[PDB]
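Just one chain follows, in the form deposited without this ligand, and it is written as structure tokens.
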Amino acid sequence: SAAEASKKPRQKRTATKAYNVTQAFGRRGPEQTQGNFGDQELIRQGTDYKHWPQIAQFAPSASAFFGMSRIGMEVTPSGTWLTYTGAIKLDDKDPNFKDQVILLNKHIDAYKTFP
């Protein structure tokens, strides 16, 4: 999958065991446009991760990405970039709210705790 999955625009890629989060989206890190999400289990597995559906329930649809987010455009020496920022509210009345918080905390900035 790697050679062919890598053919897609970055924002359309799907990470898997055969093409993991690092190969698709770069090493995790603190920099302003590095991704910071994923512990070692998610990084090596991507959408093969056992709880990927419980994570993906927070990812936005295309309509919601463009309806919810603050969208910008920056023209720089490296090219033309679409910038995005936003926030998705967790439903504290969802019976699984506490598990969702635990799941997100499991992966946010997790790279800080391993090489």
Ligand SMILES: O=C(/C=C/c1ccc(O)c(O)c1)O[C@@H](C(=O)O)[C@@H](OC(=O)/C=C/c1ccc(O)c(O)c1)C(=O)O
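Numbers for residues come from their place in the sequence shown, where the first is 1.
Just so you know, the form solved in complex with this ligand exists too; it's not on screen, but the next bit is about it.
Peer 1: How does the site look for this ligand after superposition from its pose in the entry with it bound: open, or blocked with 3 or more ligand atoms within 2.4 Å of a backbone or C-beta atom?
Peer 2: In the entry with it bound, this ligand occupies a site that, on this form, remains open once the ligand is superposed onto it.
Peer 1: Pick from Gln40, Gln57, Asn36, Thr47: which residue has any heavy atom within 4.5 angstroms of this ligand in the entry with it bound?
Peer 2: Partner contact (heavy atom, 4.5 Å) among the options: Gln40.
Peer 1: Mark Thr14 yes when one of its heavy atoms lies within 4.5 Å of a heavy atom of this ligand in the entry with it bound, and no otherwise.
Peer 2: No, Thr14 stays farther than 4.5 Å from this ligand in the entry with it bound.
Peer 1: Though only this chain appears here, would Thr22 touch this ligand in the entry with it bound if you measure heavy atom gaps against 4.5 Å?
Peer 2: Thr22: yes, in contact with this ligand in the entry with it bound.
Peer 1: Classify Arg27 as contacting or not contacting this ligand in the entry with it bound by the rule of any non-hydrogen atom within 4.5 angstroms, answering yes or no.
Peer 2: Yes, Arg27 lies within 4.5 Å of this ligand in the entry with it bound.
Peer 1: Within 66-93, which residues have a heavy atom closer than or equal to 4.5 Å from this ligand in the entry with it bound?
Peer 2: Going through 66-93 in order - heavy atoms within 4.5 Å of this ligand in the entry with it bound - there are no hits.
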